[PDB]
């Protein structure tokens, strides 16, 4: 009977043959991009076919079988509406509306404590989606690079848990939110930083990754790791931001010395070098599009949805999503978990890394911040997104009132 065969009659509504562009247009409406790394054999074979047969340009039955047979499983799920969001085109129109609504919210202040971020216009606003099946959508300024800043904190925590395990990592860092009075304290009662998402905790996490090698290799180790999480889309580095972050980081130096004195680091830690490494990790650059793929790896249990590659252990991803839930949005963490109920991490450059587990990852970026440090338009977008769709952690998948569920339905 044959899968390439059946798939074949699906797209050939009636005629004996399929226009190439008709196949492509139907393929894009799944949400996949033609550049998807799991589709390269079929796409090369299609480009090749346009060369060796300029006459159609069209695909007989064993011809189309020749192109798609190597990527047939993925192509079948895509076309039999088996993806996690089957009517992706309708969903993206909602995302676009949410985008436009948030664009009207013009408040907030751009971070200005170093000139590498006071240059960023307050009117850039970008949102990117990548589902657990690699379906993609973007609107606004989603290819402009910006620094992860604290959005890097769960990514490096995930790396440490992946290489070292939960039990070892949390000998060094706690696993719960401070409470809003303990905002300003470096250590909890057990002389550990409260959790990996506060600066002091991220500084200790930074100190456990790849112990014993030097900083250059430590950085390459982590960059290699972010590449895989992003399915090899753009991961960069801002020396300009790193230089300025290192010359105005008095409070992180205050933290570093206190942790050294309280013996918070592993035996043999060069605290000043760990601080240097920490500033580097804050200066790693992404776009909305590449960061959204990183979020989707977290949404997808540690597998990069656009490569199929296993990147992080389930243990690492579960721990990470737990702490983003409860500690990821600074003093707004409790409010955010209550009203949004999604694991999220914000950073001072205006990014909000966001995870809808089992569904999708997003990156929202708009430089202006509210008093707590969260992007105004990202915060507004996140509330709206959950008002509209039953993605809240404690929404019910069967009884959800007037909320829309994009995992379903005609």
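Numbering follows the first chain given and starts at 1.
For the pair 69-77 and 295-303, the record assigns the higher mean C-alpha temperature factor to 69-77. Looking at 153-161 and 175-183 together, the entry lists the larger mean B-factor for 175-183, computed on C-alpha atoms. When the C-alpha B-factors of 122, 196, 140, 231 are read from the PDB record, the largest value belongs to 122.
Taking the deposited Cα B-factors for 147, 329, 202, 213, the highest one is held by 213. Ranked against the other modelled residues of its chain, the C-alpha B-factor of residue 383 as given in the entry falls in the middle third. Remark: residue 113 belongs to the highest third of its chain, ranked by C-alpha B-factor as recorded. In this PDB entry, residue 51 carries a Cα temperature factor that places it within the highest third of its chain's modelled residues.
Per-chain ranking of the deposited C-alpha B factor places residue 166 in the middle third. Sort the chain's modelled residues by C-alpha temperature factor and residue 61 lands in the highest third, per the entry.
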